[PDB]
Every structure is written in C-alpha cells, then in structure tokens.
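Close look at the chain arrangement
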2 protein chains.
Amino acid sequence: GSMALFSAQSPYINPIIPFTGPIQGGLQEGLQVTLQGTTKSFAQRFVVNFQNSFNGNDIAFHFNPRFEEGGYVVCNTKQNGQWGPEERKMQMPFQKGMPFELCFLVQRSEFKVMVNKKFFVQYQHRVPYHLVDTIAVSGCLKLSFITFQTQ
Amino acid sequence: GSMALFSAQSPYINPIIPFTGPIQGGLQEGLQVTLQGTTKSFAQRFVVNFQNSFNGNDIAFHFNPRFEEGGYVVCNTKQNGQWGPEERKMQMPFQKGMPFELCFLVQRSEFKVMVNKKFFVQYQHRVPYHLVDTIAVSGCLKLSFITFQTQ
Ligand SMILES: OC[C@H]1O[C@@H](O[C@H]2[C@H](O)[C@@H](O)[C@@H](O)O[C@@H]2CO)[C@H](O)[C@@H](O)[C@H]1O
Ligand SMILES: OC[C@H]1O[C@@H](O[C@H]2[C@H](O)[C@@H](O)[C@@H](O)O[C@@H]2CO)[C@H](O)[C@@H](O)[C@H]1O
C-alpha cells in the first residue's frame, strides 16, 4: 500500500465465526485491523465490535452492515450496556456472496473504515480507544484472516 | 418463486385427512405455510384451521371453501368456542378434482392467502398469530404435502 506497514501481533488465520479474540496491548494510534472474508449469500446483517473486555457491555465501535431497507451500515458505541446515538451511512459497500476486505484504521480522533480499499466511513471516538482489548466478529460472514499492522 | 425460500420446520408429507399437527414454535412473521393438494371430484367443503391447541375452541384463522351457492370462501376466527363475523369472498379459486397450491403468508397485520400463485384473500389478525401452534385440515381434499418456509 501507500504506507509501510509492520505487524503488531500475529495474524488470526481462518478465524471461525462467531470470533472473539484479543487486541494485544490495546488499540493504538496508527493501528490497522484488516478483515478479509466473504459476505454470506443470503446475508441479513453482520457485526464487528471493538470492545473493552469479553461481556460486550462496553463496545467503543460497533460496525453493523444491514442488508435491509436498501442496504445501510450502522456505527455506534455501547457504554455500561447502553447504546448511544446511531450513525447510519445509507449505502451498502458489501455484496451478498462476495469477498471483501474491511480495514479499520485507528487515528487520534477517529476510526477510518475502508472497504475493498476505498474509504467508506469515519467514526469519531466517543470513548478512549486504548481500553479496547477485544475484537468480536459475528453474523452472516466468513473470514479468511484478521491482520494487525502499524505504521 | 421470486424469492429464495428455506425450510422452517420439516414438511408434513402425504398427511392423512383429517390431519392435525403442530406448528412447531408457533406462527411467526414471514412464515409461509403451503398446502399442495387436490380438491376431491365431488367436493362440498374443506377447512384449514390455524388454532391454539388441539381443542379447536380458539381458531385464529379458519379458512373454509364452500362449493355451495355459486362457490365462496368463508374466513373467520373462533374465540372461546364462539365464531366471529364471517368474511365471505364470493369466488371459488379451487376446481373440483383438480390440483391446487394454497399458501398462507403470515404478515404483521394480516394473513395473505395465495391460491395457485395468485393472491386470493387477506385476513386481518383478530388475535395474536403467535398463539397458533396447531394446524388442522379436514374435508374434501387430499394433500401431497404441507411445507413451512421463510425468506
Ligand atoms: O445501535 C446498534 C444496535 O442497534 C440495535 O437495533 C435497534 C435498537 O434496539 C433500537 O434503538 C431501535 O430503535 O432500532 C435499532 C436498530 O438500529 C441492534 O439490535 C443491535 O444489535 C445493534 O446493532
Ligand atoms: O363462521 C365459520 C363457521 O360457519 C358455520 O356456519 C355458520 C354459517 O356460515 C352462517 O351463515 C351462520 O348463520 O351460522 C353458522 C354458525 O354455525 C359452520 O358450521 C362452521 O363449520 C364454520 O365454517
């Protein structure tokens, strides 16, 4: 790519869905988390959660494509079990049955999300990202890998 | 059909008339219950009941073609053993001695009923459909199967 990238932790290979695993040392500025997978052919929704601990009460960034109402993606945060105000991007960048690359880049003030190498959405941090130590992936997809790389 | 359909409960194959059997877990929004069969050559009436329990005292939706008075179909509900106001469609979409496909689609506000792939009647829910856990079929027909499907 246009930036030299270094591994920040060993890749997850063929992680089985639903997948939950550590983000070693927490999210950090300049970290890129890339998921390579396939949207199921009759997909309804899928979810990628960046969260603090295992119970899901505190999700810093929930990324939720919904193959509903013409296709849209919900971004939100959960705090102490409570969902905040949704940010809906009224566009579906995934296609049922098709491979995708999904990249989350941690910047100081926001996440940047790229889908198939193209910027899709930004999401301002609502909570401290460094407390996110867990990624959780679920729903109508499969994954071939999850990589963790830094500039 | 125009939409992919998936089994929700195994089919009842060649169920013997009169038939009564579970709708496992109750009727659900988006469930399509399809009866594939043949109207007897000399048919007087047949009945499909969506009901709460084996008793027959509470029938959410009673669908009753009558080969009488030109041919017509009665739709009604039974509560605590009492019939409500009938809804009569003054048309007979079944032909004596001929195959038919009869499909009940459960929607949020109504059942939609298709006969031979053409819309026949709507029936507003008078009671919650989810309490229906039993289907009962009787009268002048035979069935090759009953399927339970969803999108
Ligand atoms: O905000 C992310 C979550 O949305 C939840 O969906 C509901 C929510 O329960 C309620 O606010 C309602 O108004 O609409 C929302 C649809 O956005 C999902 O159930 C949950 O899985 C998250 O995606
Ligand atoms: O409403 C459904 C039931 O109708 C019963 O017959 C009715 C009849 O249609 C109506 O004209 C009224 O005056 O009296 C009857 C009530 O018993 C059938 O006997 C029953 O099988 C259902 O189809």
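The record lists X-ray crystallography as the method behind this PDB entry and 1.60 Å as its resolution.

**Here we look at the packing of aromatic side chains**
Residues and elements named next belong to chain B. Counted by the stated rule, this structure contains 31 aromatic pairs over all chains. Pairing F46 with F100 gives two aromatic rings, centres 5.8 Å apart and planes at 10°, and the pair type is stacked. On the criterion of sequence distance, the pair formed by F46 in strand β4 (residues 46-51) and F100 in strand β9 (residues 99-106) is long-range, its members being 54 residues apart. Judged by relative accessible area, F100 falls into the buried class, the value being 2%.

**With respect to the sheet that holds strand β11 (residues 118-124) of chain B**
All names here are of chain B. Sheet architecture is open: six strands sit in the order β1-β13-β3-β9-β10-β11, paired in antiparallel fashion. Single-partner strands in this sheet number two, and they are β1 (6-13) and β11. Direction aside, the axes of adjacent strands within the sheet are offset by 20° on average. Looking at chain direction, β1 and strand β13 (residues 141-150) are connected through five bridges and run antiparallel. Paired with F6 across the two strands is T150, which belongs to β13.

**Describing the site of ligand 1**
Residue and element names in this part refer to chain A. In the neighbourhood of ligand 1, the contacting residues comprise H62, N64, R66, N76, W83, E86 and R88. Take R66: an N or O atom from its side chain is 2.8 Å from an oxygen atom of ligand 1. Within the side chain of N76, a nitrogen or oxygen atom sits 2.9 Å from an oxygen atom of ligand 1. Protein contact buries 49% of the 480 Å² of open area that ligand 1 shows by itself.

**Structural notes on unusual backbone geometry**
The amide bond that connects A:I17 to the next residue, A:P18, takes the cis arrangement and shows omega of 0°. When you line up the elements, A:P18 lands in the loop between β1 (6-13) and β2 (19-22). Positive phi, normally seen in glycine, also occurs at A:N116, with a value near 50°. Turning to its location among the elements, A:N116 is positioned in the loop between β10 (110-115) and β11 (118-124). In this structure, B:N80 takes a positive phi of about 55° despite not being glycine. For B:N80, the position within the fold is in the loop between β6 (72-79) and β7 (82-83).

**Structural notes on the environment of B:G84**
Residue and element names in this part refer to chain B. Structurally, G84 is set in the loop between β7 and β8 (87-89). Assessed through its relative accessible area of 29%, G84 is described here as partly exposed. In the structure, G84 is positioned 42 residues away from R126 in sequence and 9.5 Å away in space, judged by C-alpha atoms. With residues up to four places along the chain from it excluded, the contact list for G84 reads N76, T77 and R126.

**Let's talk about the site of ligand 2**
All names here are of chain B. Around ligand 2 sit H62, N64, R66, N76, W83, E86 and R88, and those are all the residues in its vicinity. In the environment of ligand 2, an oxygen atom lies 2.8 Å from a nitrogen or oxygen atom belonging to the side chain of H62. Interatomic distance of 2.9 Å between a side-chain N/O atom of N76 and an oxygen atom of ligand 2. Taking 490 Å² as the accessible area of ligand 2 by itself, protein coverage stands at 50%. Per-element tally for the shell around ligand 2: the top contributor is strand β5 (residues 59-66), with three residues. Considering only residue class, the shell around ligand 2 consists of one nonpolar, three polar and three charged.

**Details of the pattern of salt bridges**
The final tally for this structure, using the stated rule, is ten salt bridges over all chains. Between B:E86 and B:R88 there is a salt bridge, with the nearest N and O atoms lying 2.8 Å from each other. Overall, the relative accessible area of 37% leaves B:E86 in the partly exposed class. B:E87 is paired through a salt bridge with B:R126; the nearest N and O atoms lie 2.9 Å apart. Of the two residues, B:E87 is situated in strand β8 and B:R126 in the loop between β11 and β12 (134-139); the sequence distance between them amounts to 39 residues. Looking at B:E87, the relative accessible area reads 28%, which means it is partly exposed. Connected through salt bridges with shared partners, the residues A:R66, A:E86 and A:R88 form a single ionic network.

**Description of the pairing of strand β9 (residues 99-106) of chain A**
Residues and elements named next belong to chain A. Counting buried residues along β9, six of its eight residues qualify, which places the element largely inside the surrounding structure. Where strand β3 (residues 31-39) meets β9, seven bridges bridge the pair, whose relative direction is antiparallel. If you follow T34 over to β9, its bridge partner there is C103. Bridging between β9 and β10 involves five bridges; their strand directions are antiparallel. Residue pairing for β10: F104 is matched across the bridge by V113. The turn linking β9 back onto β10 is made up of three residues.

What counts, and at which threshold
- Along every chain, residue numbers run from 1 in sequence order, not necessarily as the entry numbers them; residues that have no coordinates are omitted.
- Chain letters start at A and ligand numbers start at 1, both assigned in the order the entries are written.
- Working from all heavy atoms in the structure, the side-chain values ignore hydrogens and water.
- Residues with missing side-chain atoms are left out of burial classes, side-chain pairs and their counts.
- A pair of aromatic rings is counted whenever rings of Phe, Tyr or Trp (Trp by its six-membered ring) have centres within 6.5 Å, and the orientation is called stacked for planes under 30 degrees apart, edge-to-face for over 60 and tilted otherwise.
- Numbered from the N terminus, helices here are DSSP runs of H or I no shorter than four residues, and strands are runs of E no shorter than two.
- Here the term buried applies to any residue with accessible area under 20% of the maximum for its type, exposed to any over 50%, and partly exposed to those in between, with areas from a 1.4 Å probe on protein chains only.
- For two strands to be treated as a pair, DSSP must find no fewer than two bridges joining them.
- Orientation is described by axes fitted as lines to C-alpha atoms, over the contacting stretch for helices, and by angles from 0 to 180 degrees between their N-to-C directions.
- Definition of nearness: a residue and a molecule or strand are near each other if at least one heavy atom of the residue lies within 4 Å of the molecule or strand.
- Polar contacts here mean pairs of N or O atoms no more than 3.5 Å apart (in protein, one a potential hydrogen donor and the other a potential acceptor; neighbouring residues in sequence count only if both atoms are side-chain atoms).
- All accessible-area figures derive from a Shrake-Rupley calculation using a 1.4 Å probe, and residue coverage is judged against the displayed protein chains alone.
- Any pair of residues with heavy atoms lying within 4.5 Å of one another is described as a contacting pair.
- Classification convention: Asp, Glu, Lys, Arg as charged; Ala, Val, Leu, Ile, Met, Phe, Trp, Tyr, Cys, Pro as nonpolar; all other residues, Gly among them, as polar.
- Here, a salt bridge means any side-chain nitrogen of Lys or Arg that lies within 4 Å of a carboxyl oxygen of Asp or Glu.

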